[PDB]
Every structure is written in structure tokens, then in C-alpha cells.
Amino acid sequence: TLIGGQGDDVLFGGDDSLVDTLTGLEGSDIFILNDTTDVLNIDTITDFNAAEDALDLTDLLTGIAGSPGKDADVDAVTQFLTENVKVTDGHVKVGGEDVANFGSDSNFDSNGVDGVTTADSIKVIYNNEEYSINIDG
């Protein structure tokens, strides 16, 4: 159980084999997630707020054949992330697998209107740069 504070934190449970519970609290927090092979070992993010927080998914994305390398620009990265990161209300998946379990204080309404729809997006970090990926369904 790894808890931030009211500022802008960076939270990480480790490149481990165990469930951690991650809570960002106020502020715009980055949750760094590890890729596991056992989907039962993935972390819980208790309070992801899509209008503020972000997910660093580099570790889940880098081992996909053809992932963008050191010479990629932000349009190539955007195209890759669009194809590979599936964002829905309460879920984020890579390769059909959940990156994390999102807990009951999460909110995927990034824009503050219409609840959660395809107009909403999440902030995804790949190689220390940030991208907005829309809800796709």
C-alpha cells in the first residue's frame, strides 16, 4: 500500500510479482506499471482520475514487436499507442490484458462532461513523454 500526497507524485510498486495498492490522492499523479506474465499479480490503482493522473505504460509496451525506439517522433508513438492501448470506462488494456485493476474511487471522465464517453481520454506516458489516448468503446 503506496500512497502519495496532495501534490503531483510518481507512484511505483516495483518490477515485482505481487499486488500493490497504489493511491495518488490529490494532485496529478503518475502511476508506473510493470508488465507481469500472471495477470493475478497486477497492481490496484484505487483512485485514478483521468482528468489529472497518468499511467506510465512503457514497461508494457516496449516488448511488443516493432515498438517505437529511440528515434521515433511523437506521431509514430501516438499511432503505436492508439493501436495498442485500449482505454474503456474503468479499464486500460495492452494486448488484451489489464494493466492494473482500477478501484472504486477511479473516474475515467477526463473532460468533466457527459460522464464517460469516447470523447474522454487518459494520459499515457511512453519513454518519458505524454500522450492523450481516447476511450475507444
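From 1 onward, residues are counted along the sequence shown.
If you average the C-alpha B-factors over 102 to 110 and over 64 to 72, the higher value belongs to 64 to 72. The mean Cα B-factor in the deposited entry runs higher for 93 to 101 than for the other of 30 to 38 and 93 to 101. Sorting the modelled residues of the chain by their CA temperature factor places residue 130 in the middle third.
Ranked by C-alpha B-factor against the other modelled residues of its chain, residue 119 falls in the highest third.
Among all modelled residues in this chain, the alpha-carbon of residue 21 has a temperature factor (C-alpha) in the middle third.
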